[PDB]
Amino acid sequence: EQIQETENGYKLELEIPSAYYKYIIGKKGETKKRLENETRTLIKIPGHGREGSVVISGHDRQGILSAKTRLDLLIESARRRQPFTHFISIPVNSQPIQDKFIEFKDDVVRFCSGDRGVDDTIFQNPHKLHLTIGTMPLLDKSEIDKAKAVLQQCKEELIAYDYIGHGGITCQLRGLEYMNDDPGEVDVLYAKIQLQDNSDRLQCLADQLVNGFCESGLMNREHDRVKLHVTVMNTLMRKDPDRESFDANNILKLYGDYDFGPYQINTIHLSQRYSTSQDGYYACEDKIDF
């Protein structure tokens with residue numbers, strides 16, 4: 001995208017997802033009028049249904065560049081507020097893992113039923129056990145395509161850095177953790193991912209994926225580094241009748257070192273939020289395999 005001369009001034013044509021038009025315009029046009037005044041530009045947004053480019057026009061390059069910078073920041077801010085549509089995931093859901101998870105769930109339900117808030121409806125679906133690297137709102141085809149291209153580029157970079165290679169990385173899913181302060185009032189329990197010798201290779205892989213997607217603008221950096229853990233219980237899933245939390249004290253004292261076994265990481269997905277595939281995992285927008 002480069003500014004072009006018009007007969008009497010300059011213009012810049014931009015491809016912006018229409019989901020952001022309402023933020024550029026603002027309430028009764030207040031936001032767009034303000035940007036136009038600050039920069040001495042006009043900002044033309046395609047009418048509804050009418051599809052095309054946002055056009056910044058003005059008499060000088062500097063004002064157009066200033067308007068572009070301000071639109072970029074406005075879109076970035078709006079993106080942080082959009083519901084996520086996709087997420088980068090690493091499945092951790094081989095049959096041995098799932099069998100160990102089912103045994104863990106059955107033990108917790110059998111032996112910790114009497115503990116406040118524990119029931120059989122607050123467990124992850126074993127087919128969906130996964131590590132989440134990060135979420136993204138991908139609000140049109142262009143954004144989905146960009147995310148797929150970033151994922152494929154990340155494959156090459158991860159291999160070049162030796163963060164993964166042929167056949168993938170072996171990990172172990174073992175031990176429970178909670179992130180909140182009080183083990184008697186837990187809403188989410190996770191199982192920890194470890195590597196042999198506590199190697200940091202997977203941490204590096206995860207953080208490099210985040211770097212790639214954040215550099216693209218599609219992902220917002222929320223956490224300092226990826227937490228290498230898998231959700232196993234979450235009370236937001238409860239189906240039976242912090243009133244939502246459970247007392248995890250006995251779960252942790254009885255099963256806190258539970259070993260779900262090893263798992264071979266050989267695929268990383270751009271997963272869709274809402275649909276599922278025939279294997280019972282999240283539907284796969286794209287993947288990289290090792």
# chains A, B, ... in the order shown; residues from 1 in each chain; ligands from 1
call {"tool": "closest_atom_pairs", "arguments": {"of": "region 216-267 of chain A", "to": "region 56-77 of chain A", "cutoff": "10 Å", "atoms": "only C-alpha atoms", "output": "tab-separated table"}}
result
residue	atom	partner	partner_atom	distance
A:217	CA	A:76	CA	7.8
A:218	CA	A:76	CA	8.9
A:219	CA	A:76	CA	9.8
A:220	CA	A:76	CA	8.7
call {"tool": "write_last_selection", "arguments": {"atoms": "N, CA and C atoms", "output": "PDB file, in the first residue's frame"}}
result
ATOM      1  N   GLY A 217       0.110  -8.777  13.754  1.00  0.00           N
ATOM      2  CA  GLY A 217      -1.007  -7.979  14.199  1.00  0.00           C
ATOM      3  C   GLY A 217      -2.262  -8.751  14.535  1.00  0.00           C
ATOM      4  N   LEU A 218      -2.321 -10.045  14.226  1.00  0.00           N
ATOM      5  CA  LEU A 218      -3.562 -10.793  14.411  1.00  0.00           C
ATOM      6  C   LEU A 218      -3.796 -11.195  15.857  1.00  0.00           C
ATOM      7  N   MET A 219      -2.735 -11.413  16.608  1.00  0.00           N
ATOM      8  CA  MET A 219      -2.835 -11.851  17.984  1.00  0.00           C
ATOM      9  C   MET A 219      -2.376 -10.703  18.868  1.00  0.00           C
ATOM     10  N   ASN A 220      -3.032 -10.547  20.011  1.00  0.00           N
ATOM     11  CA  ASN A 220      -2.664  -9.540  20.993  1.00  0.00           C
ATOM     12  C   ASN A 220      -1.906 -10.236  22.112  1.00  0.00           C
TER      13      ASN A 220
END
call {"tool": "residues_around", "arguments": {"residues": "region 45-52 of chain A", "least_positions_apart": "4", "cutoff": "12 Å", "atoms": "only C-alpha atoms", "output": "NGL selection string"}}
result
:A and (13-25 or 29 or 32 or 56-57)
call {"tool": "select_by_dssp", "arguments": {"residues": "region 144-220 of chain A", "states": "strand (DSSP E)", "output": "JSON, numbers by chain"}}
result
{"A": [169, 170, 171, 172, 173, 174, 175, 176, 177, 188, 189, 190, 191, 192, 193, 194]}
call {"tool": "write_last_selection", "arguments": {"atoms": "N, CA and C atoms", "output": "mmCIF file, in the first residue's frame"}}
result
data_model
loop_
_atom_site.group_PDB
_atom_site.id
_atom_site.type_symbol
_atom_site.label_atom_id
_atom_site.label_comp_id
_atom_site.auth_asym_id
_atom_site.auth_seq_id
_atom_site.Cartn_x
_atom_site.Cartn_y
_atom_site.Cartn_z
ATOM 1 N N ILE A 169 7.851 -33.673 18.994
ATOM 2 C CA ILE A 169 8.431 -33.559 20.332
ATOM 3 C C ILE A 169 7.640 -34.467 21.238
ATOM 4 N N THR A 170 8.329 -35.216 22.088
ATOM 5 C CA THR A 170 7.642 -36.001 23.097
ATOM 6 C C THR A 170 7.422 -35.167 24.347
ATOM 7 N N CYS A 171 6.212 -35.188 24.881
ATOM 8 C CA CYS A 171 5.942 -34.547 26.154
ATOM 9 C C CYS A 171 5.272 -35.538 27.094
ATOM 10 N N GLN A 172 5.150 -35.114 28.356
ATOM 11 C CA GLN A 172 4.444 -35.851 29.400
ATOM 12 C C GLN A 172 3.398 -34.933 30.010
ATOM 13 N N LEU A 173 2.180 -35.446 30.164
ATOM 14 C CA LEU A 173 1.086 -34.707 30.782
ATOM 15 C C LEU A 173 0.961 -35.253 32.195
ATOM 16 N N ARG A 174 1.308 -34.430 33.189
ATOM 17 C CA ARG A 174 1.510 -34.956 34.533
ATOM 18 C C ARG A 174 1.440 -33.838 35.554
ATOM 19 N N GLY A 175 0.577 -34.009 36.535
ATOM 20 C CA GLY A 175 0.455 -33.077 37.640
ATOM 21 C C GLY A 175 -0.625 -32.051 37.399
ATOM 22 N N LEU A 176 -1.261 -31.637 38.489
ATOM 23 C CA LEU A 176 -2.380 -30.709 38.451
ATOM 24 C C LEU A 176 -1.955 -29.352 38.985
ATOM 25 N N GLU A 177 -2.608 -28.309 38.478
ATOM 26 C CA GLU A 177 -2.354 -26.981 39.012
ATOM 27 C C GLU A 177 -3.589 -26.103 38.889
ATOM 28 N N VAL A 188 -11.009 -23.509 37.603
ATOM 29 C CA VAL A 188 -10.336 -24.169 36.493
ATOM 30 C C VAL A 188 -9.149 -24.941 37.038
ATOM 31 N N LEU A 189 -9.057 -26.205 36.674
ATOM 32 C CA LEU A 189 -7.899 -27.016 36.997
ATOM 33 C C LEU A 189 -7.228 -27.429 35.706
ATOM 34 N N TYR A 190 -5.899 -27.450 35.724
ATOM 35 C CA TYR A 190 -5.089 -27.765 34.558
ATOM 36 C C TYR A 190 -4.154 -28.925 34.875
ATOM 37 N N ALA A 191 -3.792 -29.653 33.839
ATOM 38 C CA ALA A 191 -2.720 -30.633 33.895
ATOM 39 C C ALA A 191 -1.486 -30.057 33.210
ATOM 40 N N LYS A 192 -0.331 -30.250 33.836
ATOM 41 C CA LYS A 192 0.913 -29.635 33.387
ATOM 42 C C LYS A 192 1.590 -30.474 32.311
ATOM 43 N N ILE A 193 2.198 -29.793 31.342
ATOM 44 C CA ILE A 193 3.006 -30.435 30.313
ATOM 45 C C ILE A 193 4.476 -30.293 30.677
ATOM 46 N N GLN A 194 5.186 -31.408 30.700
ATOM 47 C CA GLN A 194 6.620 -31.433 30.930
ATOM 48 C C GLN A 194 7.323 -32.149 29.793
#
call {"tool": "closest_residue", "arguments": {"among": "A:108, A:154, A:270, A:237", "to": "residue 132 (chain A)", "atoms": "only C-alpha atoms"}}
result
A:270
call {"tool": "closest_residue", "arguments": {"among": "A:86, A:27, A:223, A:287", "to": "residue 155 (chain A)", "atoms": "only C-alpha atoms"}}
result
A:287
call {"tool": "residues_around", "arguments": {"residues": "residue 165 (chain A)", "least_positions_apart": "2", "cutoff": "12 Å", "atoms": "only C-alpha atoms", "output": "ChimeraX atom specification"}}
result
/A:155-163,167-170,201-202,205,264-267,288-290
call {"tool": "residues_around", "arguments": {"residues": "region 246-261 of chain A", "least_positions_apart": "3", "cutoff": "10 Å", "atoms": "only C-alpha atoms", "output": "PDB file with N, CA, C and O atoms, in the first residue's frame"}}
result
ATOM      1  N   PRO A  96      -4.164 -43.113  24.554  1.00  0.00           N
ATOM      2  CA  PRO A  96      -3.638 -43.331  25.908  1.00  0.00           C
ATOM      3  C   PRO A  96      -3.878 -42.146  26.821  1.00  0.00           C
ATOM      4  O   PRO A  96      -4.204 -42.337  28.000  1.00  0.00           O
ATOM      5  N   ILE A  97      -3.695 -40.922  26.323  1.00  0.00           N
ATOM      6  CA  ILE A  97      -3.983 -39.744  27.146  1.00  0.00           C
ATOM      7  C   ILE A  97      -5.452 -39.736  27.536  1.00  0.00           C
ATOM      8  O   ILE A  97      -5.805 -39.479  28.693  1.00  0.00           O
ATOM      9  N   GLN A  98      -6.337 -39.950  26.556  1.00  0.00           N
ATOM     10  CA  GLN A  98      -7.768 -39.900  26.842  1.00  0.00           C
ATOM     11  C   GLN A  98      -8.167 -40.959  27.863  1.00  0.00           C
ATOM     12  O   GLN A  98      -8.997 -40.700  28.755  1.00  0.00           O
ATOM     13  N   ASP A  99      -7.618 -42.170  27.731  1.00  0.00           N
ATOM     14  CA  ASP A  99      -7.927 -43.216  28.701  1.00  0.00           C
ATOM     15  C   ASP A  99      -7.479 -42.822  30.099  1.00  0.00           C
ATOM     16  O   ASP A  99      -8.192 -43.063  31.072  1.00  0.00           O
ATOM     17  N   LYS A 100      -6.275 -42.269  30.228  1.00  0.00           N
ATOM     18  CA  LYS A 100      -5.834 -41.825  31.546  1.00  0.00           C
ATOM     19  C   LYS A 100      -6.723 -40.709  32.074  1.00  0.00           C
ATOM     20  O   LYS A 100      -6.995 -40.652  33.274  1.00  0.00           O
ATOM     21  N   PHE A 101      -7.142 -39.790  31.198  1.00  0.00           N
ATOM     22  CA  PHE A 101      -8.023 -38.710  31.619  1.00  0.00           C
ATOM     23  C   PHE A 101      -9.360 -39.250  32.110  1.00  0.00           C
ATOM     24  O   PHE A 101      -9.889 -38.779  33.120  1.00  0.00           O
ATOM     25  N   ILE A 102      -9.931 -40.223  31.395  1.00  0.00           N
ATOM     26  CA  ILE A 102     -11.201 -40.804  31.819  1.00  0.00           C
ATOM     27  C   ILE A 102     -11.053 -41.477  33.182  1.00  0.00           C
ATOM     28  O   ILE A 102     -11.946 -41.398  34.034  1.00  0.00           O
ATOM     29  N   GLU A 103      -9.925 -42.150  33.404  1.00  0.00           N
ATOM     30  CA  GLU A 103      -9.668 -42.765  34.703  1.00  0.00           C
ATOM     31  C   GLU A 103      -9.565 -41.704  35.794  1.00  0.00           C
ATOM     32  O   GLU A 103     -10.091 -41.883  36.900  1.00  0.00           O
ATOM     33  N   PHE A 104      -8.866 -40.596  35.496  1.00  0.00           N
ATOM     34  CA  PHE A 104      -8.756 -39.486  36.437  1.00  0.00           C
ATOM     35  C   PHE A 104     -10.133 -38.934  36.785  1.00  0.00           C
ATOM     36  O   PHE A 104     -10.463 -38.739  37.961  1.00  0.00           O
ATOM     37  N   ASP A 107     -12.038 -41.310  38.979  1.00  0.00           N
ATOM     38  CA  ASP A 107     -11.531 -41.287  40.349  1.00  0.00           C
ATOM     39  C   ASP A 107     -12.009 -40.062  41.098  1.00  0.00           C
ATOM     40  O   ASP A 107     -12.382 -40.135  42.266  1.00  0.00           O
ATOM     41  N   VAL A 108     -11.921 -38.899  40.477  1.00  0.00           N
ATOM     42  CA  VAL A 108     -12.370 -37.698  41.165  1.00  0.00           C
ATOM     43  C   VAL A 108     -13.849 -37.788  41.501  1.00  0.00           C
ATOM     44  O   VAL A 108     -14.266 -37.430  42.607  1.00  0.00           O
ATOM     45  N   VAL A 109     -14.663 -38.243  40.552  1.00  0.00           N
ATOM     46  CA  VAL A 109     -16.092 -38.358  40.818  1.00  0.00           C
ATOM     47  C   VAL A 109     -16.376 -39.433  41.869  1.00  0.00           C
ATOM     48  O   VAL A 109     -17.273 -39.284  42.706  1.00  0.00           O
ATOM     49  N   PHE A 111     -14.332 -40.520  44.369  1.00  0.00           N
ATOM     50  CA  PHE A 111     -13.718 -40.328  45.679  1.00  0.00           C
ATOM     51  C   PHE A 111     -13.825 -38.911  46.214  1.00  0.00           C
ATOM     52  O   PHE A 111     -13.621 -38.702  47.411  1.00  0.00           O
ATOM     53  N   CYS A 112     -14.187 -37.946  45.381  1.00  0.00           N
ATOM     54  CA  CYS A 112     -14.278 -36.558  45.807  1.00  0.00           C
ATOM     55  C   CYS A 112     -15.673 -35.978  45.575  1.00  0.00           C
ATOM     56  O   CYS A 112     -15.852 -34.763  45.625  1.00  0.00           O
ATOM     57  N   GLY A 114     -18.164 -35.896  47.493  1.00  0.00           N
ATOM     58  CA  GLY A 114     -18.669 -35.194  48.639  1.00  0.00           C
ATOM     59  C   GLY A 114     -18.097 -33.821  48.826  1.00  0.00           C
ATOM     60  O   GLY A 114     -18.602 -33.070  49.659  1.00  0.00           O
ATOM     61  N   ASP A 115     -17.067 -33.463  48.056  1.00  0.00           N
ATOM     62  CA  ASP A 115     -16.435 -32.161  48.184  1.00  0.00           C
ATOM     63  C   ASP A 115     -17.283 -31.092  47.508  1.00  0.00           C
ATOM     64  O   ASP A 115     -17.893 -31.328  46.464  1.00  0.00           O
ATOM     65  N   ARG A 116     -17.321 -29.915  48.126  1.00  0.00           N
ATOM     66  CA  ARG A 116     -18.197 -28.854  47.655  1.00  0.00           C
ATOM     67  C   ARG A 116     -17.968 -28.576  46.173  1.00  0.00           C
ATOM     68  O   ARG A 116     -16.845 -28.325  45.742  1.00  0.00           O
ATOM     69  N   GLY A 117     -19.049 -28.566  45.390  1.00  0.00           N
ATOM     70  CA  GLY A 117     -18.954 -28.131  44.012  1.00  0.00           C
ATOM     71  C   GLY A 117     -18.476 -29.157  43.017  1.00  0.00           C
ATOM     72  O   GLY A 117     -18.436 -28.856  41.817  1.00  0.00           O
ATOM     73  N   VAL A 118     -18.099 -30.345  43.468  1.00  0.00           N
ATOM     74  CA  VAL A 118     -17.635 -31.386  42.563  1.00  0.00           C
ATOM     75  C   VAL A 118     -18.835 -32.149  42.010  1.00  0.00           C
ATOM     76  O   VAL A 118     -19.715 -32.592  42.758  1.00  0.00           O
ATOM     77  N   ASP A 119     -18.874 -32.300  40.688  1.00  0.00           N
ATOM     78  CA  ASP A 119     -19.827 -33.178  40.028  1.00  0.00           C
ATOM     79  C   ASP A 119     -19.194 -33.631  38.721  1.00  0.00           C
ATOM     80  O   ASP A 119     -18.101 -33.190  38.362  1.00  0.00           O
ATOM     81  N   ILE A 122     -18.226 -31.035  35.116  1.00  0.00           N
ATOM     82  CA  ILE A 122     -17.270 -29.940  35.038  1.00  0.00           C
ATOM     83  C   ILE A 122     -15.932 -30.377  34.431  1.00  0.00           C
ATOM     84  O   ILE A 122     -14.937 -29.681  34.591  1.00  0.00           O
ATOM     85  N   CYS A 171       6.212 -35.188  24.881  1.00  0.00           N
ATOM     86  CA  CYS A 171       5.942 -34.547  26.154  1.00  0.00           C
ATOM     87  C   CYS A 171       5.272 -35.538  27.094  1.00  0.00           C
ATOM     88  O   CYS A 171       4.891 -36.654  26.712  1.00  0.00           O
ATOM     89  N   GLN A 172       5.150 -35.114  28.356  1.00  0.00           N
ATOM     90  CA  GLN A 172       4.444 -35.851  29.400  1.00  0.00           C
ATOM     91  C   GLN A 172       3.398 -34.933  30.010  1.00  0.00           C
ATOM     92  O   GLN A 172       3.703 -33.789  30.358  1.00  0.00           O
ATOM     93  N   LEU A 173       2.180 -35.446  30.164  1.00  0.00           N
ATOM     94  CA  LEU A 173       1.086 -34.707  30.782  1.00  0.00           C
ATOM     95  C   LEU A 173       0.961 -35.253  32.195  1.00  0.00           C
ATOM     96  O   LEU A 173       0.540 -36.400  32.387  1.00  0.00           O
ATOM     97  N   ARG A 174       1.308 -34.430  33.189  1.00  0.00           N
ATOM     98  CA  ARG A 174       1.510 -34.956  34.533  1.00  0.00           C
ATOM     99  C   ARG A 174       1.440 -33.838  35.554  1.00  0.00           C
ATOM    100  O   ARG A 174       2.197 -32.868  35.475  1.00  0.00           O
ATOM    101  N   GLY A 175       0.577 -34.009  36.535  1.00  0.00           N
ATOM    102  CA  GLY A 175       0.455 -33.077  37.640  1.00  0.00           C
ATOM    103  C   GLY A 175      -0.625 -32.051  37.399  1.00  0.00           C
ATOM    104  O   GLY A 175      -0.900 -31.655  36.279  1.00  0.00           O
ATOM    105  N   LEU A 176      -1.261 -31.637  38.489  1.00  0.00           N
ATOM    106  CA  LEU A 176      -2.380 -30.709  38.451  1.00  0.00           C
ATOM    107  C   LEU A 176      -1.955 -29.352  38.985  1.00  0.00           C
ATOM    108  O   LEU A 176      -1.082 -29.242  39.847  1.00  0.00           O
ATOM    109  N   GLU A 177      -2.608 -28.309  38.478  1.00  0.00           N
ATOM    110  CA  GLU A 177      -2.354 -26.981  39.012  1.00  0.00           C
ATOM    111  C   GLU A 177      -3.589 -26.103  38.889  1.00  0.00           C
ATOM    112  O   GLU A 177      -4.456 -26.297  38.030  1.00  0.00           O
ATOM    113  N   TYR A 178      -3.650 -25.130  39.776  1.00  0.00           N
ATOM    114  CA  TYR A 178      -4.679 -24.110  39.759  1.00  0.00           C
ATOM    115  C   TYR A 178      -3.971 -22.767  39.827  1.00  0.00           C
ATOM    116  O   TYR A 178      -2.871 -22.661  40.374  1.00  0.00           O
ATOM    117  N   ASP A 182      -6.943 -19.638  46.201  1.00  0.00           N
ATOM    118  CA  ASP A 182      -7.517 -20.481  47.242  1.00  0.00           C
ATOM    119  C   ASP A 182      -7.888 -21.837  46.663  1.00  0.00           C
ATOM    120  O   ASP A 182      -8.832 -21.920  45.861  1.00  0.00           O
ATOM    121  N   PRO A 183      -7.216 -22.924  47.056  1.00  0.00           N
ATOM    122  CA  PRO A 183      -7.571 -24.244  46.519  1.00  0.00           C
ATOM    123  C   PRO A 183      -8.962 -24.705  46.907  1.00  0.00           C
ATOM    124  O   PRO A 183      -9.457 -25.671  46.316  1.00  0.00           O
ATOM    125  N   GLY A 184      -9.594 -24.069  47.890  1.00  0.00           N
ATOM    126  CA  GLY A 184     -10.953 -24.397  48.247  1.00  0.00           C
ATOM    127  C   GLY A 184     -12.000 -23.719  47.397  1.00  0.00           C
ATOM    128  O   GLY A 184     -13.195 -23.983  47.567  1.00  0.00           O
ATOM    129  N   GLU A 185     -11.578 -22.862  46.463  1.00  0.00           N
ATOM    130  CA  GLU A 185     -12.495 -22.116  45.598  1.00  0.00           C
ATOM    131  C   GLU A 185     -11.919 -22.051  44.184  1.00  0.00           C
ATOM    132  O   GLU A 185     -11.633 -20.989  43.641  1.00  0.00           O
ATOM    133  N   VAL A 186     -11.776 -23.206  43.565  1.00  0.00           N
ATOM    134  CA  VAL A 186     -11.194 -23.329  42.228  1.00  0.00           C
ATOM    135  C   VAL A 186     -12.300 -23.369  41.186  1.00  0.00           C
ATOM    136  O   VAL A 186     -13.318 -24.050  41.361  1.00  0.00           O
ATOM    137  N   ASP A 187     -12.070 -22.685  40.063  1.00  0.00           N
ATOM    138  CA  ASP A 187     -12.955 -22.795  38.910  1.00  0.00           C
ATOM    139  C   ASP A 187     -12.334 -23.539  37.745  1.00  0.00           C
ATOM    140  O   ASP A 187     -13.059 -24.175  36.988  1.00  0.00           O
ATOM    141  N   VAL A 188     -11.009 -23.509  37.603  1.00  0.00           N
ATOM    142  CA  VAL A 188     -10.336 -24.169  36.493  1.00  0.00           C
ATOM    143  C   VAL A 188      -9.149 -24.941  37.038  1.00  0.00           C
ATOM    144  O   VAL A 188      -8.340 -24.402  37.790  1.00  0.00           O
ATOM    145  N   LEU A 189      -9.057 -26.205  36.674  1.00  0.00           N
ATOM    146  CA  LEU A 189      -7.899 -27.016  36.997  1.00  0.00           C
ATOM    147  C   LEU A 189      -7.228 -27.429  35.706  1.00  0.00           C
ATOM    148  O   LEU A 189      -7.904 -27.792  34.746  1.00  0.00           O
ATOM    149  N   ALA A 191      -3.792 -29.653  33.839  1.00  0.00           N
ATOM    150  CA  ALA A 191      -2.720 -30.633  33.895  1.00  0.00           C
ATOM    151  C   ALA A 191      -1.486 -30.057  33.210  1.00  0.00           C
ATOM    152  O   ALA A 191      -1.577 -29.404  32.170  1.00  0.00           O
ATOM    153  N   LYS A 192      -0.331 -30.250  33.836  1.00  0.00           N
ATOM    154  CA  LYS A 192       0.913 -29.635  33.387  1.00  0.00           C
ATOM    155  C   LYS A 192       1.590 -30.474  32.311  1.00  0.00           C
ATOM    156  O   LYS A 192       1.573 -31.706  32.360  1.00  0.00           O
ATOM    157  N   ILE A 193       2.198 -29.793  31.342  1.00  0.00           N
ATOM    158  CA  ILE A 193       3.006 -30.435  30.313  1.00  0.00           C
ATOM    159  C   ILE A 193       4.476 -30.293  30.677  1.00  0.00           C
ATOM    160  O   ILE A 193       4.965 -29.179  30.898  1.00  0.00           O
ATOM    161  N   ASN A 234     -13.351 -27.287  34.317  1.00  0.00           N
ATOM    162  CA  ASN A 234     -13.739 -25.878  34.286  1.00  0.00           C
ATOM    163  C   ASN A 234     -15.214 -25.811  34.635  1.00  0.00           C
ATOM    164  O   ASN A 234     -16.046 -26.370  33.923  1.00  0.00           O
ATOM    165  N   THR A 235     -15.534 -25.126  35.728  1.00  0.00           N
ATOM    166  CA  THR A 235     -16.921 -25.064  36.178  1.00  0.00           C
ATOM    167  C   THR A 235     -17.838 -24.295  35.239  1.00  0.00           C
ATOM    168  O   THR A 235     -19.055 -24.379  35.407  1.00  0.00           O
ATOM    169  N   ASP A 242     -17.894 -17.317  45.407  1.00  0.00           N
ATOM    170  CA  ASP A 242     -17.929 -17.893  44.069  1.00  0.00           C
ATOM    171  C   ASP A 242     -18.794 -19.152  44.061  1.00  0.00           C
ATOM    172  O   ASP A 242     -18.307 -20.268  44.276  1.00  0.00           O
ATOM    173  N   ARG A 243     -20.087 -18.961  43.793  1.00  0.00           N
ATOM    174  CA  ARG A 243     -21.033 -20.067  43.855  1.00  0.00           C
ATOM    175  C   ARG A 243     -20.751 -21.130  42.804  1.00  0.00           C
ATOM    176  O   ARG A 243     -21.273 -22.245  42.915  1.00  0.00           O
TER     177      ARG A 243
END
call {"tool": "residues_around", "arguments": {"residues": "residue 123 (chain A)", "least_positions_apart": "2", "cutoff": "6 Å", "atoms": "only C-alpha atoms", "output": "ChimeraX atom specification"}}
result
/A:121,232-233
call {"tool": "write_last_selection", "arguments": {"atoms": "N, CA and C atoms", "output": "PDB file, in the first residue's frame"}}
result
ATOM      1  N   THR A 121     -19.985 -33.065  35.678  1.00  0.00           N
ATOM      2  CA  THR A 121     -20.270 -32.249  34.502  1.00  0.00           C
ATOM      3  C   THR A 121     -19.278 -31.111  34.302  1.00  0.00           C
ATOM      4  N   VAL A 232      -8.356 -29.400  32.369  1.00  0.00           N
ATOM      5  CA  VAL A 232      -9.012 -30.666  32.657  1.00  0.00           C
ATOM      6  C   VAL A 232     -10.373 -30.498  33.333  1.00  0.00           C
ATOM      7  N   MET A 233     -10.571 -29.435  34.106  1.00  0.00           N
ATOM      8  CA  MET A 233     -11.852 -29.141  34.731  1.00  0.00           C
ATOM      9  C   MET A 233     -12.106 -27.652  34.588  1.00  0.00           C
TER      10      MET A 233
END
call {"tool": "select_by_dssp", "arguments": {"residues": "region 238-279 of chain A", "states": "helix (DSSP H, G or I)", "output": "list in words"}}
result
residues 249, 250, 251, 252, 253, 254 and 255 of chain A
call {"tool": "write_last_selection", "arguments": {"atoms": "C-alpha atoms", "output": "mmCIF file, in the first residue's frame"}}
result
data_model
loop_
_atom_site.group_PDB
_atom_site.id
_atom_site.type_symbol
_atom_site.label_atom_id
_atom_site.label_comp_id
_atom_site.auth_asym_id
_atom_site.auth_seq_id
_atom_site.Cartn_x
_atom_site.Cartn_y
_atom_site.Cartn_z
ATOM 1 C CA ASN A 249 -8.153 -29.588 48.248
ATOM 2 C CA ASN A 250 -8.741 -33.338 48.225
ATOM 3 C CA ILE A 251 -8.367 -33.626 44.455
ATOM 4 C CA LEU A 252 -4.943 -31.994 44.797
ATOM 5 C CA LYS A 253 -3.850 -33.961 47.878
ATOM 6 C CA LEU A 254 -4.986 -37.311 46.419
ATOM 7 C CA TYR A 255 -4.289 -36.806 42.691
#
call {"tool": "closest_residue", "arguments": {"among": "A:134, A:228, A:214, A:179", "to": "residue 198 (chain A)", "atoms": "only C-alpha atoms"}}
result
A:228
call {"tool": "atom_distance", "arguments": {"atom1": "CA of residue 83 (chain A)", "atom2": "CA of residue 137 (chain A)"}}
result
6.1 Å
